[PDB]
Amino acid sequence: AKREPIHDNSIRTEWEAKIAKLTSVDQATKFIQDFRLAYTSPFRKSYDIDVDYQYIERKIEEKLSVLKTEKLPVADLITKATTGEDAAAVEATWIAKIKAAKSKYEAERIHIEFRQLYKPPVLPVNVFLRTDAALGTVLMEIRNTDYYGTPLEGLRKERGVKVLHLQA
């Protein structure tokens, strides 16, 4: 109905209050994963904070990152995800998943979900970036094969849009 101001508003303030209550890496990791699944990507559960979610995500990241440096052994910052998983094992899992994808629709959701679950600070930056690059290579190879082969009418059905208007 009526948006509040862009950069300072009650939605961002409410989420800042929630973030301030996070006191452990485990708690903040569940918080950020739940947040990214709920509010990010075309497959998000809700657009209710659309104009604020990117700023809020930044603030969650900052909280988790400081909790990591305050609470974790330094070596874990290099070798582990904040889920407790080994970072190289996460890379191996998700590369294998996308290499097994049978369509661009399976592959796109694998890549999107990898980012929702493991975007830094969950996974170390160097491991994340090289995994994201490997996944994107495969996703593009599948998507860009015969890119113009399906008519728009077919793509609309494959995507699953509800068509609300087509100008004559």
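All residue numbers are counted from 1 along the displayed sequence.
According to the PDB record, 100 to 108 carries the higher mean C-alpha B-factor of the two stretches 129 to 137 and 100 to 108. For the set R115, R44, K30, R58, the PDB entry puts the maximum C-alpha B factor at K30.
The PDB entry assigns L155 a C-alpha temperature factor belonging to the middle third of its chain's modelled residues. Compared with the other modelled residues of the chain, the Cα B-factor recorded for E70 ranks in the highest third. Residue-level temperature factors show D34 in the middle third of its chain, judged at the C-alpha atom. In the PDB entry, a CA B factor belonging to the highest third of its chain's modelled residues is recorded for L22. When all modelled residues of the chain are sorted by CA temperature factor, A87 is found within the lowest third.
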